[PDB]
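The structure appears below as structure tokens.
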Amino acid sequence: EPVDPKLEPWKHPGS
Amino acid sequence: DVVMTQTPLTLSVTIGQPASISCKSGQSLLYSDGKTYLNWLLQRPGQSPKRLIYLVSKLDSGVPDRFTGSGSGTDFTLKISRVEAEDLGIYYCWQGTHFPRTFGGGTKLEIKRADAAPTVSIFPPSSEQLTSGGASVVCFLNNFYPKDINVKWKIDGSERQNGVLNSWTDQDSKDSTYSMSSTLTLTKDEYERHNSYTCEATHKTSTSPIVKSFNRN
Amino acid sequence: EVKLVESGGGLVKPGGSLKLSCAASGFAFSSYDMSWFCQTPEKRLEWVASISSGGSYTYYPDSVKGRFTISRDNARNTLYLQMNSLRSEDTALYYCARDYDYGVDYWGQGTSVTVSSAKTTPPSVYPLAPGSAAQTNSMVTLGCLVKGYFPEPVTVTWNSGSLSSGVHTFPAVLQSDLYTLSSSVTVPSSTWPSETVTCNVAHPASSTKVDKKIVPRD
């Protein structure tokens, strides 16, 4: 959206 | 693991005309979050890939909007509303929905130009090369269009397919022609046993094959 | 401006190791996942490895899993690929890329890797002059045949670079673990001869240069 990390479905959001 | 299939393999287009490329995946690219991770990129000859489209139809901001992407499920299309000379290159689709990322095999877009006949030259093996016991006959076929050409070697009238090494340049970004070299390598002893050496080019641009030849003696 | 500059490629034996790196600049390196891709000699593209912005998560397809390691130095804006147990199939141009916008946004320039147990061999350079007779008065085409070297690349120029138009240098073809290529140049007759024409061939892997004068005859 605006908004999110914009990563692909198999990614685990990073630190 | 997701199979990505592009069609056509090559596409010949006139500047100013539309073009369309298709990409079909082996399973649906729509993910549960409602997004479809389907991408397109362009690689121009000798350059790095450049992003064109992401999430099916979002346009990279360096790309003019004559490029559009559309589709859903397993069927996708890249369209170019009017082709320019700088669109020459290989277009790839690729998916990031399922691990691992996978690419289509590429569609080569070539620019149409007016027919052009090859300029054909034949070169007997150099005398330095014969002193090392090898005999390469080289034939150059330069600056032709369309890309469709057949070249036959003939030794003493006999067509010969064995020992030939052909090589083609990319479409020239300045005149849109192609060029090719065709190299017949024999041992020196067999070079020795024949007289007559012919490079023969067949092309839509002339009513008879373009013939270049030499004879040892 | 996003900029990614790979280095470290070269010729390596099957079973051997190589470490690639990618120097990133023009952006906050630490914020982005990063990826390796490669382009095979057939112009197939393949994804090689990805790493999370922070460093903790790494992802690999089955083809490299267990052999390659991707890692990153957030302090020096540098991405790495440690390639072990190389295979001939790993022969490719390797690209560093930035993961963003539901995919990948910027690619680097590539660094070339050849995996082969074939030995480094300098080229033989053969001059190609027209046969005893003798087509077209006007333009004359001359050639250089660059045969039997390993590995890629070589560079070919004519008259140390001052003949540039009218030149066609063809891609090399690999035959028995040796490459062959040719180059043609097209010049006004009356210019050849007299005026001298020389193909300049360089082969960095073998630290060799050959400057071969095309003389009338063969």
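Brief remarks follow.
- Any strands (runs of 3 or more DSSP E) falling wholly within region B:38-142 and containing at least 1 residues that are assigned by CATH to the domain that holds B:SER12: B:38-43, B:50-54, B:67-72, B:75-80, B:89-95, B:107-111
- Enumeration of residues in region B:90-108 that are facing chain C (nearest Cβ under 7 Å) and either among the β-branched types (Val, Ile, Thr) or more than 17 Å from C:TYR60 (Cα to Cα) (or both): B:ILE90, B:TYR92, B:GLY105, B:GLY106
- Meets criteria (surrounded by fewer than 21 Cβ atoms within 10 Å (Cβ to Cβ), aliphatic (A, V, I, L, M) and more than 14 Å from chain A (Cβ to nearest Cβ)) for C:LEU142: no
- The strands (runs of 3 or more DSSP E) located wholly in region C:1-75 that include 2 or more residues which are farther than 26 Å from B:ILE90 by Cβ occupy C:18-25, C:68-73.
- Listed by first and then second residue, the pairs with beta-carbon distance under 6 Å, at least 6 apart or on different chains, first residue in region C:1-29 and assigned by CATH to the domain that holds C:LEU86 and touching a residue at least 12 places away in the same chain (Cβ under 8 Å), second charged (D, E, K, R) and buried (at least 17 other Cβ atoms within 10 Å of the Cβ), are C:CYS22/C:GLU6.
- Scanning region B:195-217 for residues that are within 22 Å of the chain's Cα centre (by Cα) and either loosely packed, with under 14 Cβ neighbours inside 10 Å or more than 14 Å from chain C (Cβ to nearest Cβ) (or both) returns B:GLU200, B:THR202, B:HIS203, B:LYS204, B:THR205.
- Restricting B:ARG113, B:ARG101 to those that are in contact (Cβ under 8 Å) with a residue 40 or more places away in the chain and within 29 Å of B:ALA19 (Cα to Cα) reduces the list to B:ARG113.
- B:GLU86 meets the conditions (1) under 14 Å from B:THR107 (Cβ atoms); (2) away from every other protein chain (no Cβ under 12 Å) in every case but one. The failed one is (1).
- Restricted to region B:146-190, and to residues there that are assigned to a strand (DSSP E or B) and in contact with a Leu (Cβ under 6 Å, 6 or more places away or on another chain), the residue that is nearest to B:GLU128 (Cα to Cα) is B:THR183.
- Annotation: B:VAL137 fulfils all but one of (1) touching a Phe, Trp or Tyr at 6+ places or on another chain (Cβ under 8 Å); (2) within 25 Å of B:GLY46 (Cβ to Cβ); (3) touching a residue at least 60 places away in the same chain (Cβ under 8 Å); (4) not aromatic (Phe, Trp, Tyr); the unmet one is (2).
- The residue list C:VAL125, C:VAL113 contains one member that is assigned by CATH to the domain that holds C:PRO14 and touching a residue at least 60 places away in the same chain (Cβ under 8 Å), which is C:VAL113.
The values are calculated or read from the model by the stated rules, or taken from the named source; no laboratory read-out is quoted. Every residue, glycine as well, gets a Cβ built from its backbone with ideal geometry; the counts of neighbours run over all protein chains shown.
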